[PDB]
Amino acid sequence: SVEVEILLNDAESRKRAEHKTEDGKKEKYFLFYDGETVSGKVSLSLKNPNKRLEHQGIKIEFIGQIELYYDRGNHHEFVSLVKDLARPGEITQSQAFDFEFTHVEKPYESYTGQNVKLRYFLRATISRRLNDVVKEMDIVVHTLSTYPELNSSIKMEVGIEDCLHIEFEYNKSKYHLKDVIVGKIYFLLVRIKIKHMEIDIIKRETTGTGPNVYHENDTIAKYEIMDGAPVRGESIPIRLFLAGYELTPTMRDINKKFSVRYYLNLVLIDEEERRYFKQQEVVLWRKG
């Protein structure tokens, strides 16, 4: 009876970002940053141009909220702005209503995770006696940072006295999202017979919900290094292209509800099928 659209000013020109939604599917959403004005109009179209629409008011909201999958009915809005667009009355005619929210606070980057989602959206509501007409439209927020940062390489060792000394050296402890992890694996001592080696990027998601803490992992990338036994004096250059990976910045204690942290995990498997692991955190940040 009423089709409601949310149309942003300069929709057709404004930046859109790809985002992996809850069912694994990728879509584009309008992209915003902290502080940016959110502007547009709410358009009502009447299915029958002759009939009047009785309502108890028309509203648009901008909302940022955290949705905890273990407590999914409980909304944890951290920013909510409300602009009433019409007092109760009557709509006899298809029309649009302008809106502008200025200085819009968006302190956290959008995130769709395993046990949590952090999302922003615009919600247009026509209040009715019977059933309200509600239309939402998601928007995506990114958070930029800047870091120093100078040439201080990091070392990751697997060391078994008298048996194994394998060293992975890489260029930074922090990387932006399209950066390259530049490193080298050195085989200093190889008395154990190794049959496979790889380096993985692991995302670890930590969520609090009620009195409980949930942990989930996701292997983002597997860089297969070598099959068969390495010998001492060999050296393998490593370049991991982060731009080919689906990545968010590191997120720590987001409104004390969740964390997203990233690790390099060096994996060796010997001829006896024994796993040897070693991990170090890398801080991922978004460069503007």
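Residue positions are given as counts along the sequence shown, with the first one as 1.
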Practice item. Can you let me know which of the two, 5-13 or 268-276, has the higher average C-alpha B-factor in the entry? Key: 5-13
Study note, to complete from the structure: As the entry reports it, the stretch among 210-218 and 153-161 with higher mean C-alpha B factor is 153-161
Exercise for review: In terms of CA temperature factor as recorded, identify the highest of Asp227, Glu54, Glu61, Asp253.
Suggested key: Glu54
Revision key, fill the gap. Among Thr112, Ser94, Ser173, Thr143, the highest C-alpha B-factor in the PDB entry belongs to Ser94
Exercise for review: Consider only the C-alpha atoms of the modelled residues in this chain, order them by B-factor as the entry records it, and name the third containing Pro107: lowest, middle or highest.
Suggested key: lowest
Review point. Thinking about Cα B factors across the chain, which third does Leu247 belong to?
Key: highest
Review point. Taking the entry's C-alpha B-factors for this chain, is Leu130 in the lowest, middle or highest third?
Key: highest
Study note, to complete from the structure: For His75, the third of its chain by CA B-factor is the middle
Exercise for review: Can you work out whether the C-alpha temperature factor of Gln65 puts it in the lowest, middle or highest third of the chain?
Suggested key: lowest
